[PDB]
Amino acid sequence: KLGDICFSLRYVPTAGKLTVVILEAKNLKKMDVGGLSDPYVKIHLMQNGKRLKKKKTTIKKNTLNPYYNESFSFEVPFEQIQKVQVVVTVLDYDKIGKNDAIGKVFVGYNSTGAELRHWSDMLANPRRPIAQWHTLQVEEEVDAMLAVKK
């Protein structure tokens, strides 16, 4: 009910370089009255509970199906790649009032299901960008799961 997001993951082991390309979102929830949504994507690199790095896409105006093709790279040393989370949040930009979250997902070793599958496919295919769709989840539910270590 919140929408779907597609992004690719690439890890370059010898470089300790993690690249997330936000490709496209679709079926996004409508978050404006007298408009659609104005989605941008924020990416947080976290280590369980702690914020490490953040990046964000441009804003696409008045659409529930944004296309980005924007690449985001993070330094994650080989020894640390199974300790981090890449958190992807889609938000509706508003000039007036809160920028409300449409939904979010995270990938990493402590993710589950299709999110863990994507992460494992990345690690299993070093230097190759692996693209996968993800269902967006309620922000507060994903936030709770960020604390669950494996």
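Each residue number is its position in the shown sequence, starting from 1.
Q: Between 105-113 and 45-53, which has the larger average Cα B-factor in the PDB entry?
A: Stretch with the greater average CA B-factor: 45-53.
Q: Going by the mean C-alpha B-factor recorded in the entry, which is higher: 83-91 or 29-37?
A: Of 29-37 and 83-91, the stretch with the higher C-alpha B-factor average is 29-37.
Q: When the CA B-factors of 130, 18, 23, 138 are compared as recorded in the entry, which is the largest?
A: So the option with the highest C-alpha B-factor is 138.
Q: Lowest, middle or highest third: which one holds residue 64 when the chain's residues are ordered by CA B-factor from the entry?
A: CA B-factor rank for residue 64: lowest third.
Q: Would the CA B-factor of residue 99 place it in the lowest, middle or highest third of its chain?
A: According to the entry, residue 99 has a C-alpha B-factor in the chain's middle third.
Q: Sorting the chain's modelled residues by C-alpha B-factor, tell me whether residue 5 ends up in the lowest, middle or highest third.
A: Tercile = lowest for this residue's CA B-factor.
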